[PDB]
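Undergrad: Mind looking over this structure? Questions follow.
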Amino acid sequence: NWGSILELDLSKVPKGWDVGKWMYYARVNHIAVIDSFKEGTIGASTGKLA
Amino acid sequence: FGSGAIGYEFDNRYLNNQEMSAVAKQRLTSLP
Amino acid sequence: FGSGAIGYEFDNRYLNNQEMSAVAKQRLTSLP
Amino acid sequence: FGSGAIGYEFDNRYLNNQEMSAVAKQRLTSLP
Amino acid sequence: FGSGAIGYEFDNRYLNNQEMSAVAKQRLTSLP
Amino acid sequence: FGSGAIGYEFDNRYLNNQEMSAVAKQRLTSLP
Amino acid sequence: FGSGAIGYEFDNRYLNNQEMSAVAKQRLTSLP
Amino acid sequence: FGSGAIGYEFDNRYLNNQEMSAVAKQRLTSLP
Amino acid sequence: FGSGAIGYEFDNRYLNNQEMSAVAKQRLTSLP
Amino acid sequence: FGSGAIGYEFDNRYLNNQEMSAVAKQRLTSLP
Amino acid sequence: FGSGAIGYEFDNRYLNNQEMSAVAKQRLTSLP
Amino acid sequence: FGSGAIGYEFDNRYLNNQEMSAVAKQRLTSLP
Amino acid sequence: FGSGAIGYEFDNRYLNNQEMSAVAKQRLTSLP
């Protein structure tokens, strides 16, 4: 028995931010700034990807 | 006789119309 | 004989109708 | 012989019909 | 010979049918 | 030679058919 | 020579087929 | 020369085909 | 000259294709 | 002159194409 | 004069395009 | 006279256009 | 007489419009 495991995708961590510091400030503030207009979301935003 | 300053323009205009009809059907699709 | 003051305008009108038909199919799509 | 008072009107009327057909397809789209 | 009392009315009727076909495609759209 | 008692009726019938085709497309729309 | 006992009926049949095609597009609509 | 025992049948068959095409579009609508 | 042993069968085949096209549009509808 | 070993094959092939187009529209419907 | 080394291949190509158009409409349906 | 270095290319290009139109309709269906 | 400096370009433009019409129907489908 281990607790629930959350599958987390880092596709929206802002540019120039390391994952570790992003999750740290997410811990401290309980608010994690994301970037809905990353270059990797271009397909989904533009209708080229699902 | 001959002079093609009005035939040329009308043929060119016909081809322009047909070109605009062709390009007006072009679409960049979605929903993948 | 020869005179194109009535045929020229009819040809121009025909091509204008073709112009309007061609540009009336132009659509800027949505839902991307 | 020649007289074009009925040919001119019929050609003009044909072009009017074709113009009305052209403009009757025009739409201003929605759902953006 | 020459007489246009039957061809004129047939041409007029043809153009009237074209008139009705052209104006029967006219629609005032909805859903904006 | 000439006699147009069957040509006239057939042309009139053709125009009647085309008129019925034209008016059969007419609709009074809904959903405003 | 001349005889229209076979062309008349074929023309009549052609116009009858046009008649049936024209009246087969007639619809009394719904959803007002 | 002349003999119309094969022209008549082919014209009749063409008209039969066109008649079947016409009547095949007929529908009795629903959803009132 | 004259011979219809190849034109007759081609005409018959053309009308057979028209036959199959006409009867392929026949539908017995649903949803009444 | 005359020789129909290539005309016959091309006409037969045209009729084959038209037959395939005809039968390709055939459907056995559903939703009764 | 006479030579069919260029017309034969163009006719064959035309019929090949007709072949591909005819077989491109073939569908094995679903939803029974 | 005769020279077919431009007729051949235009006919070949026409057939290429018609071939591209044919193959552009091809689909591999879904929803079985 | 003879000169193809205006007919060649018009034919090329016609085939270019046919090219664009043919390639404008090309779609890479979805929903498999």
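Undergrad: Restricting the search to region A:4-50, which residues are within 14 Å of chain C (Cβ to nearest Cβ) and part of a loop (DSSP other than H, G, I, E, B)?
TA: Result: A:47, A:48, A:49, A:50.
Undergrad: Something else about it: In chain G, which residue that is among the basic types (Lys, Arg) and out of contact with any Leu (no Cβ under 7 Å at 6 or more places or on another chain) is nearest to residue H:18 (Cα to Cα)?
TA: G:25
Undergrad: Tell me, which residue of chain M that is over 11 Å from the mean Cα position of the chain (by Cα), of a type in the set (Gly, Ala, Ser) and more than 8 Å from chain L (Cβ to nearest Cβ) is surrounded by the fewest Cβ atoms within 10 Å (Cβ to Cβ)?
TA: Once the filter is applied, the top-ranked residue is M:2.
Undergrad: Select from chain J the residues that are outside any helix (DSSP H, G or I) and aliphatic (A, V, I, L, M) and write down the one among them that is farthest from residue I:5 (Cα to Cα).
TA: Restricting to residues being outside any helix (DSSP H, G or I) and aliphatic (A, V, I, L, M), the top hit is J:31.
Undergrad: What number of residues in chain K are closer than 18 Å to residue L:11 by Cβ and basic (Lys, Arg)?
TA: 1
Read-outs throughout are calculated quantities, based only on the coordinates presented, and are distinct from any laboratory measurement. Every residue, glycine as well, gets a Cβ built from its backbone with ideal geometry; the counts of neighbours run over all protein chains shown.
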